[PDB]
Each structure stands twice: as structure tokens, then as C-alpha cells.
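Chemist: Pasting in a structure now, in C-alpha cells, and then I'll have a few things to ask.
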Amino acid sequence: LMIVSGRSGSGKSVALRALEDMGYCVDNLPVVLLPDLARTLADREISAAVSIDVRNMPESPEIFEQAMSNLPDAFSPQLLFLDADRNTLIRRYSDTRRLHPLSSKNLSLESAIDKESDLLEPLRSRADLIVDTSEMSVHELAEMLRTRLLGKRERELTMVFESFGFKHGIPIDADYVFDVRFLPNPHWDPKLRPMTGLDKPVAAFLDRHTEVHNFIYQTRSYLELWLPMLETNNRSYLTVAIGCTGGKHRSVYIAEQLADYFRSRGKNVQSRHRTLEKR
Amino acid sequence: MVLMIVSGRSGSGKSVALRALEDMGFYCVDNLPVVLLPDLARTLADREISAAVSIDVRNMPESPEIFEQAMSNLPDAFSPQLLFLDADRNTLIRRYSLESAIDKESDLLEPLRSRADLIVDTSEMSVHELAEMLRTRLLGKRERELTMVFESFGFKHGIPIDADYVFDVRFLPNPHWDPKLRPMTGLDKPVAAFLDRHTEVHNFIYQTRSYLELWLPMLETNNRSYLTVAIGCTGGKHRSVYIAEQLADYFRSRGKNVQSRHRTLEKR
Amino acid sequence: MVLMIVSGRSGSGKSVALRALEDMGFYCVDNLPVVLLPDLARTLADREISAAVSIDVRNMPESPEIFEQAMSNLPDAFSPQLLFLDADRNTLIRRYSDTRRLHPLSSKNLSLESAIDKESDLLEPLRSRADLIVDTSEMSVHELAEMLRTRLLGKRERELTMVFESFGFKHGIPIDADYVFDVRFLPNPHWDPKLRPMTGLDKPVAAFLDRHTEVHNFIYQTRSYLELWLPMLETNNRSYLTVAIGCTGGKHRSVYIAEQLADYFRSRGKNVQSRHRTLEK
RNA sequence: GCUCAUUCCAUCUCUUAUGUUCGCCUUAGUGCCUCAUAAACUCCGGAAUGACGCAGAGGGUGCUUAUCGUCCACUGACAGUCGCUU
């Protein structure tokens, strides 16, 4: 069961028209009637498409989650939330229509949008997948809806940090590559040179140098930032290639600490120290 | 510390100079009146950061004896330096009465050119000319020098055989959606525009430029002869190209040497 | 004379404003530290010209009271009239990428967005003193300035002087009317023949008009609709603002409603130099 | 610059017939005049711009291609420590 909700003007309509091709485009139903409708569609035995908005929102989400309670299990619900900025929102809604709540309330075109946002927010908090429509025009919005809605693997997006070395060339599975050369070479110490990347003494040497911390952290800020956008798309293995030349001292420790951090954030992480692998 | 100061006829583009020094981290208070410099500089000692200023006919004193007197007043730690500028009279008009205003004003400015630590002829100048001139002028010259190479590759064809840093730009809005765009490539102003609108593009271009900028100095040390950043779309015609270009131009402005390479387009 | 202070959320077109003012003639000052400014005022007193200064995140102290006491030290009682620009996060970011340096709030500040958001509150103290709050959300790199030139070419002394005039269709319409509204469709107690010659301003007529509710709905909606023109009121460039409502003869109905609106905005506190001039003559 | 459809500033003014009912008069007058059905013109205290020419005045036009979006993994290179030898 597909759920298409969001601030008006964010383009629910075009999504529906494309949702009918994906599936059961049906709109403007009191959510209460939904579960029985699902009972009916069980005969249809084909995925569905239900649209809810400020006009179709009963302004009492207790009822909403009540309808969520008696949900036939045949269809698994997913909250798809279109959203965008106020100004654009007004622009598009300037298309011939009439914001229903604004009747009687007479909120300024900007003021009802403000009202509606919070109004529907209950769902939005529980909204499963979000998509901006900040600036995609209706024709641009049509192709963008087609690419993501087809989520075949709605399972996870595994991280995998591959620690490599340059002398044996960039790993072919690399999606990103962050050199690390200019960091303080542990080589300087002859004692540490035989010791491998995982051996605590080198971890100490690296720990001694704060610059290392600065790099890890700033790199954690760089990814996390550009991350969620990626996580939405239908990827199966996002990877980050980290490499000194040696691929035995620096890149080891880096990839290790990063893996730790992101595991902390709960994204499953896979370590791979290409050179240390038995090949 | 430093108290760089500026001069030259109007239209010489002193603002660019100010922009450059700001780029170096030199704080600027352009067009402050002459007299107030000393206590300001005291404040700036409390900033503990080298900075610079400008001067104009507007800031030009009637009696420069006061100028040099207070110029003495400034605390030692902030070393003052004076730059003067010159170009062709009409050359200045392109950036800009129109002969005599300048002539009398030049008499006003003449004491400075006499006092100028450096004088440049900016008649054929350019931002990059000025930026490099400045970098060597103040930061000094290192025979060690980078040459950033920005390559736009297509993940189909493969990651460049040589590449220090690479960035996937698959998530950013795809010009591909509009069919009238499919043929046109990254350097056709249609698509350039089309991206320019979608903010996310600007967001990324920034954050990336910031990441590099932060790790760029260390790399300068150790006399690296090249640093290559390669930016990849799937096909490498639309997104990666645009990003490579703009992202280059920023670093060009900061004056480091740069070289673009649209690997997919250069195939044919 | 006057010393204008220019400011706004980072990269909100501020630079353009300074371009504008220097084009006007206000002495140009960029990014001076807050402290010495009053001394500069003293200096300018010699020049006998207005001045222009910027204050934004760059020259923004952490302590609030700094610019407060600085404003206190202002000499010559020169009117310290502030100016302020603003636009939305997305607009700002799209505008802050002018090959410009970092938001000086790059002290491990997560993202341009995050730093710029906190900027607002950081900069909030300024918002208090605000002789204008013009927005640049709509303008372009070159077009924005055009709008800005328009701006500030005005006298506040010409404060809005709101008006309501009720008139009759029987002879015409006030020629200078800013807005115009027919209301005859509102209930007309012509049924009461005693009210028919009786002046509308009389309480019995007002009570008879009050007897109906459609009038109250109308006025509530109309008064609320007028309040959406507050930005238009800010862009006055006009000595007095007029409002046109006309009955057939004006005296029948329009008066009491104009009275109610006069009450509404006099209640809002607006200047109400109202006149139902066409009524008596 | 010259001179002008322009721009944004200019202080600037009135009407016939429609039927009707109530406020009032002429004493019929078809009215003085409230309500009320439609039809019907103008006009100078600022600051920008385009319109020619002053002044510079030395390739174009139409339509035939572009297949390149997602997603999944074989992977490469002759130019100090020591683990060594004969």
C-alpha cells in the first residue's frame, strides 16, 4: 500500500498519475474507509495508491493511526512524503485550484500553508520516505518520481569501507576515494614500520597526532552530509576507498575508525583491508 | 603581523586586491578614514590576526604629514606595506571629468606612489594575474607548487588510472530528466543553467570546495607536483562536467594553478 | 545628519546596498569594527554628510551590549536610522555562492545551511532597531539593486494617514481613491422608511445594519484582507492613504461600515485622519 | 551632449435619458428632489530610458542527426629497513 501525502502544491497530483502506472490511483477518501477498501483490493490482488491531503485529513490523527491499526497485512504501508519550500509551493499551487482550509479561515496564502504543515505533521513525523519538490517543475517532477518510486530493495544500504594502497591501484569497487597521504607518516619510526595497521602501537602514534582527529571528523562531516540523499536511491553497496600508498599503516586506521563511527550510527558497516586480504 | 595598505587611481580594481587579501585570511576594513588606524590596529592585535586596509582620496588627508605621523603611531607588530597601482587612463575607463578628476587626484595620490613599497602596472592585469602576483608578493614564492587537475570521468568507462581524490555525484539533480537536454553536454549553457537553479547543486559545489580548501595546505608542503580530483557521473557528460568546471573556477580564483579535463568529451 | 546602518542575514545582498548608498553619496565604510564607530561620527561631523556602515556576522561581536553602548555614544544626535535586508535560507545559499569566502562561522560549523541559520539569532539584536525590513528574496544579482535604488528615496515624516470615505454613486467617485468597493448588495434598511432620509451615522441605523450579520462577516473579511497590504503600507511614498467605499448616495449605508473600519484600524493604532467628505457636501 | 512616442514625479475639473417609491415643494411641473437601471470626453513644480540621427558604424538564414538514464563485481604494470645469497 502506497501512501502519497504532503503540503498541497508539492505535486501530489502528478505523483498519482505516475502511481497509477506503477500500480490503483484513488484519491480523497476518509481514511476510516481505507481498511475495508484494502479488503476489497485483496480481490484486486494488485498494489494500490491512496492520496491524503489537508482536504482529506480529518484533523484528528488518533483516527489516522486507528485506521493504521486495522490494516490488512496483505499490503505493507509506506509513508511517501512530498515537500518543498513555501515560496515555490505557492507558485505551483497558483495553478487553478482552491486551498480548501482557506475557506472561512481566510488565512493568507502563506498562512494556511503554515497551518497545514503542522496540521499534517503528525503523519510527517511518522512519514517513512520523504522527497523534496523544491524546484523540480511538473515535467521535471514526473521523471524524478519514476526513478525512486521503483524501490526494489527496500532493505538497507550497506556501508563498506575498503582500505587499499596505491601501489596496487584503485580498487574497482570504489565509489569514493579519499587520499590520506599528507597525514603524518608513521614510517618515520623504524620500530613501527614492521608493525601492521591493526597493531595498537601505530594506533597510539596516530592518536598522538591531533591532525588525524581533524581529518577523521571533518571527513565524517563530509559524508554524513551528502549521505541520506544517496541512501534513498536504489543502491545496494555504497563504499568509501581510503588509501595511503602502503595500504598497511594509514588507510588501515582510518577505515577502521570510520567503520566504528558509522556502526555507532546504526548503518551496517563492512571492513575490507584489500592488501591484508589473502589473494 | 601585517598592516598592508592600498593605493592607486580609482578603477584600478583595488577591491579585487582587498578580495584577495581577505582570501588569504587578511581581515579588511576597506575605506576607513585615515586617522583612525592606530586604535583599530590595537584592536587587531587583540585579534592576533594579520589584516589589511585600503585608502582612497576620500581617506586621503589634506596634510599627509599626519598620515605618516600616525603611520608611525601604529604598533610595531603589524608591519605596514604600501601598494600602488597604475594602468592606462582609458584602461581605467573600461572598468569605470574622466581626465582632470583623475589628474588632480593623482597629484593628491603622488606622495603615496613615492612612499609605495610596490607599484604594479595593471593595464593588462587580471584577477589571476593579481592573485598570483599577490601570493608571491606577500606569501613568498615556493618552487614547490601544486597543479590541481580536475577530471570528469564516467563510472561506466572506469575511474581515472591516476586519481588522488574522487567524488560520486550520482545523487545530485540529473539534467537527464528533460529530454531536450539529453544531447547537450555540460558546457552548453542550457544545462549549466538547469543545474544552476537546483540548489542542491550549489550546496554540493560549496561543501566540496570547502573540504578540499581545508586539506590543500598540507598538500602544498612536501613539494607535490600534482593533485588530481576526479568527479564522476554515470556517463560523465552532464553532472560531473558541470561540477568539474565550476569547482575548478573557484580554485582558479583563489589563484592556485588549475587544469580541467573532460575525459568523456575528449574521447571524441 | 543621518547615519544609516546596513545589515542582514549573511549574503542577503548587503554589498549591493553599500553600492547603492555610495552611489547616493553617503560616505562608504566597509566592515569597520563596532567599537570606534562613534569616533567616526565625530570625524564625519566635519564632512557634513550622511554616512554608511555595515554590520553583519563578520563585524558581529559576541557580547550584545557592545553595539548598544556604541549606539549610545552616537554624537550630534544624528538620527541612527537602521536598514536591514532579508531572504530565505534557500535564496541566501543560492546567493552566498558568489565565489565568496566561507561564512566566517566555519568554526567546525556543520554546513552553510546550519551556520546561516544560527546567524539569524546571532544577528537578531539588530532586528530590534529596524527602520525597514526590506526583503531581497525576489531580486536578482543586477535586478535586486534596481529595486534597492527605489528603496530609501523617501521621507518617513510622511507617515501613513489612513482614511475612509463613504460617498454616493449619484454623483461620482473620489478621483484619488487608492482602492474602491461597492457594498450596495449589503442589506439596506430602506424597508425602514424613517431611516430612509435619516442619516446613516445615527446609532439606530448602525443598530439596524448590525441587526444583519452578513455585514459583520463582510467587514471582518475586508479588514483582514486590508491587513495583508501592510507591506504596501510600508512602501507608502504617499502623504495620506485613501479608501473608497460608495453607496448609491453614500449616506444610506457606507457610513457605518467605514466607521467600523475606522474603529478597527484606530484600534490597530493606525493613523486615522478619516473623512466621509462626500457625505456632508 | 542636441532635440524628441517612453519611464517613473506633475497639482490638477462636469454630464443626458430608465421606470419607480419616501423626504419636500411648482401648484401640475411633469416636476424641486432621496432611492435607483444602464449607456457616455480632457488636463504641465522631479528624477531615468528608447527613437533617429550627432559620433563609432570594420558573414548570416532555415532543419538532418546525438541512442547513454539507472543498477549489479576479475583487476593489472620495464624507470631507507632486510629476507636474502654466492
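The way this entry was determined, per its header, is electron microscopy, 4.0 Å.
Each residue, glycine too, has its Cβ placed from N, Cα and C.
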Chemist: Labelled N6-acetyllysine in Swiss-Prot - which residue from C:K14, C:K108, C:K155, C:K251 would that be?
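Modeler: Cross-referencing C:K14, C:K108, C:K155, C:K251 with Swiss-Prot, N6-acetyllysine lands on C:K251.
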Chemist: Sorry to bug you, but what's the C-alpha spacing from C:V57 (GTP binding site) to C:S10 (ATP binding site), rounded to the closest Å?
Modeler: 7
Chemist: Select one residue from C:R9, C:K14, C:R58, C:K251: among these recorded positions, choose the one with the most other Cβ atoms within 10 Å of its Cβ.
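Modeler: Of C:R9, C:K14, C:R58, C:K251, the one with the most crowded Cβ is C:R9.
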Chemist: If the ATP site is taken as the center of the Cβ atoms of C:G8, C:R9, C:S10, C:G11, C:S12, C:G13, C:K14, C:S15, which further residues of that chain fall within 8 Å of it by their Cβ?
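Modeler: Here the non-site neighbours turn out to be C:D56, C:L85, C:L92, C:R95, C:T136.
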Chemist: Taking the Cβ of C:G13 (ATP binding site) as the centre, how many other Cβ atoms fall within a 10 Å radius?
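Modeler: That number is 28.
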Chemist: Among the binding-site residues C:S10, C:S15, which residue has the fewest other Cβ atoms within 10 Å of its own Cβ?
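Modeler: Counting other Cβ atoms within 10 Å of each of the binding-site residues C:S10, C:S15 gives the minimum at C:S15.
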Chemist: Of all the binding-site residues given, C:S12, C:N59, which residue's CB has the most CB neighbours within 10 A?
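Modeler: Output for this query is C:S12.
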Chemist: Express the distance between the Cα positions of C:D56 (GTP binding site) and C:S12 (ATP binding site) as a whole number of Å.
Modeler: 10
Chemist: What count of other C-beta atoms do you get within 10 angstroms of the C-beta of C:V57 (GTP binding site), across all chains shown?
Modeler: 19
